[PDB]
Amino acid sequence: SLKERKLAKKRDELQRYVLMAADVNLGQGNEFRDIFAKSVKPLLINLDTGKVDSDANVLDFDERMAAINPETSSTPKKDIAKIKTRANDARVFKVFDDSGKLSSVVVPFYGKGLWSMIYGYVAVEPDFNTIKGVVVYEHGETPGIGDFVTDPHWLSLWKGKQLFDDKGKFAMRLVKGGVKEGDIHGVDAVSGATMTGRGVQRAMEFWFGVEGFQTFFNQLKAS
């Protein structure tokens, strides 16, 4: 029962994170639960094949646990995000507007910053390139330096940016020179905290890379 309250608490935070990333209004009170239930379709997908896998309670799926279990995980070839081990399946979310048309796909990403693992979600538009929103919800980086990652002021900068170039190659780079509106692959680095930012950069590089959600996206582009 203590289990239920905990799961109930994390499911609420999860629902809010996903809607926030997808730029959907959470409504007032507990309406976010109803909005999520109507406009979001949780999915467990096989990262290698891109196929949808089955689970009785997708929202309660423990991705931390799945990543370390030897029978449901593997070691990445190019461990860019320094995660050491990767789950076979990932939980993703398809988000639809009121018209019922696909609005975005929200996927989990995480990777080592400078001193700790950083966890979050990225919402991408149906072109699977343009970012609809980034939400970081957990980290262990030094407060006052690397804890900017959870600051909405900084996270909002990612909106509208594009992950890949015309060669289909990951192109996002954190920039210190001060990013201009036309720099669609650039995000402002937080001076004095560059190493954390490069971690987030590498986190997305992996999870939108060949060992990440690329197969899954290529499957959606087809059918």
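One rule holds for the numbers: they count along the sequence shown, beginning at 1.
Look at the mean CA B-factor for 205-213 and for 6-14 in the entry; the higher one is 6-14. Mean CA B-factor, 103-111 versus 72-80: the higher value falls on 72-80.
For the set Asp98, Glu138, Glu125, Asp151, the PDB entry puts the maximum C-alpha B factor at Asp98.
Remark: of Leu26, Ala37, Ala56, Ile45, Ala56 shows the highest value [criterion: C-alpha B-factor in the PDB entry]. When all modelled residues of the chain are sorted by CA temperature factor, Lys51 is found within the highest third. In the PDB entry, a CA B factor belonging to the highest third of its chain's modelled residues is recorded for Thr142. In the deposited entry, the Cα temperature factor of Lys41 places it in the lowest third of its chain's modelled residues.
In the deposited entry, the Cα temperature factor of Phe170 sits in the top third of values across the chain's modelled residues. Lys161 sits in the lowest third of its chain by CA B factor, as recorded in the PDB entry.
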